[PDB]
Amino acid sequence: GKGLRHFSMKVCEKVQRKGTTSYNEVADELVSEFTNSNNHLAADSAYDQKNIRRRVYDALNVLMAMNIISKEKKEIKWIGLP
Amino acid sequence: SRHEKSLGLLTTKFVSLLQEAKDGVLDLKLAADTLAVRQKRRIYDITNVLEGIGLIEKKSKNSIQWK
DNA sequence: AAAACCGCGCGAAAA
DNA sequence: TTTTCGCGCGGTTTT
């Protein structure tokens, strides 16, 4: 639904599927998907967008430290799970 | 200095702490101290993303299993 | 009820 | 100025 745990999975899928990408491409697409959820209310998009945005930094950063992805001066690249 | 206090660094430590403690079991209480004791909250930052990926799992309160 | 968890988002440090 | 993102106050979930 939400929470770091649910967004880290979104993040990790996105990056592998794109091979190479950026913070903004990742975040904008997660925001857009959450926002087009059938059970979502328009009044709540600005919050949410902000919140998903802060969440993505936390995910990228541990994922980074696990050597699962790249992130080198705005360029984020996939690597692999273990 | 704001880099010394990065989730990412904490992460690296948590990992080493993790891979050292054999069995595959880690006590969230140990790491807490061992990890700068910067504040509990942060530990959950690490566990939530490792759980979302499926590299770990809650085994029992204050405790988690690798892979 | 107590102990564990962990949403959130402000505001200051790095680009 | 904008991009990152430390920090910790409460609210939720488990025990």
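Order of the sequence lines sets the chain letters (A, B, ...), proteins ahead of strands, with each chain counted from 1. All values below were derived from every heavy atom in this structure, side-chain atoms included, with hydrogens, water molecules and symmetry-related copies excluded.
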Give a yes-or-no answer on whether the side chains of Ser45(A) and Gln49(A) include a donor-acceptor pair shorter than 3.5 Å.
no

Can a donor-acceptor pair be found between the side chains of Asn39(A) and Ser37(A) at a distance below 3.5 Å?
yes

Report yes if some heavy atom in the side chain of [X] is under 4.5 Å from a heavy atom in the side chain of [Y]; otherwise report no.
{"X": "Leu55(B)", "Y": "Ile68(A)", "answer": "yes"}
{"X": "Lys58(B)", "Y": "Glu51(B)", "answer": "yes"}
{"X": "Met66(A)", "Y": "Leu50(B)", "answer": "yes"}
{"X": "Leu17(B)", "Y": "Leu30(B)", "answer": "yes"}
{"X": "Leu30(A)", "Y": "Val11(A)", "answer": "yes"}

Hydrophobic cluster identity match, [X] and [Y], side-chain contacts under 4.5 Å:
{"X": "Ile43(B)", "Y": "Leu9(B)", "result": "no"}
{"X": "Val15(A)", "Y": "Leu81(A)", "result": "yes"}
{"X": "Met9(A)", "Y": "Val62(A)", "result": "no"}
{"X": "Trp78(A)", "Y": "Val49(B)", "result": "yes"}

Any salt bridge (charged side-chain N to carboxylate O under 4.0 Å, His left out) involving [range]? Give me the pairs, sequence neighbours left out, ordered by first then second residue.
{"range": "residues 49-68 of chain A", "value": "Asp28(A)-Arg53(A), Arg54(A)-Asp58(A), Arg55(A)-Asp58(A)"}
{"range": "residues 34-43 of chain A", "value": "none"}
{"range": "residues 33-43 of chain A", "value": "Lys14(A)-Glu33(A)"}

Is there a donor-acceptor pair closer than 3.5 Å between any side-chain N or O of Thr12(B) and the backbone N or O of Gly8(B)?
yes

Under the 3.5 angstrom rule, does the side chain of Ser22(A) hit a backbone N or O of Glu25(A) as a donor-acceptor pair?
yes

Enumerate the ring-ring contact (aromatic ring centres under 6.0 Å, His included) contacts for [range], please, sequence neighbours excluded, ordered by first and then second residue.
{"range": "residues 11-53 of chain A", "value": "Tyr23(A)-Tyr57(A), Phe34(A)-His40(A)"}
{"range": "residues 39-67 of chain B", "value": "none"}
{"range": "residues 1-28 of chain B", "value": "none"}

Least distance between heavy atoms, [X] atom then [Y] atom:
{"X": "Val25(B)", "Y": "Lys59(B)", "answer": "CG2-CD, 4.0 Å"}
{"X": "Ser8(A)", "Y": "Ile53(B)", "answer": "O-CD1, 3.7 Å"}
{"X": "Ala31(B)", "Y": "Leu26(B)", "answer": "CB-CD2, 4.5 Å"}
{"X": "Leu28(B)", "Y": "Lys40(B)", "answer": "CB-NZ, 3.8 Å"}
{"X": "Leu35(B)", "Y": "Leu10(B)", "answer": "CD1-O, 3.2 Å"}
{"X": "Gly54(B)", "Y": "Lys67(B)", "answer": "O-NZ, 3.7 Å"}

Between [atom1] on residue [X] and [atom2] on residue [Y], distance to nearest 0.5 Å:
{"X": "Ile69(A)", "Y": "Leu60(A)", "atom1": "CD1", "atom2": "CG", "result": "5.0 Å"}
{"X": "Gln19(B)", "Y": "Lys22(B)", "atom1": "CD", "atom2": "NZ", "result": "10.0 Å"}
{"X": "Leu18(B)", "Y": "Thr11(B)", "atom1": "CG", "atom2": "OG1", "result": "11.5 Å"}

Run the salt bridge (charged side-chain N to carboxylate O under 4.0 Å, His left out) test on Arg41(B) and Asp45(B) for me, step by step, so that the C-alpha distance in whole Å, both residues' side-chain angles and the decisive distance to 0.1 Å come before the verdict.
CA-CA 7 Å; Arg41(B) 184 58 187 68; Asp45(B) 284 323; 3.0 Å; yes

Just do the side chain to side chain contact (heavy atoms under 4.5 Å, CB included) check on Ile52(A) and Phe7(A) with the steps written out, would you?
CA-CA 8 Å; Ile52(A) 297 174; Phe7(A) 288 126; 4.0 Å; yes

Taking NZ, NE, NH1 and NH2 as the nitrogens, is one of them in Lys18(A) or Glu13(A) under 4.0 Å from a carboxylate oxygen of the other?
no

Identified side-chain contact (heavy atoms from CB on, under 4.5 Å) counterpart of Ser70(A) within the set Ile79(A), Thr21(A), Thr20(A), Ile76(A):
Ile79(A)

Is the number of heavy atoms from other residues, nucleotides or ligands under 6.0 Å of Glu72(A) CD greater than 12?
yes

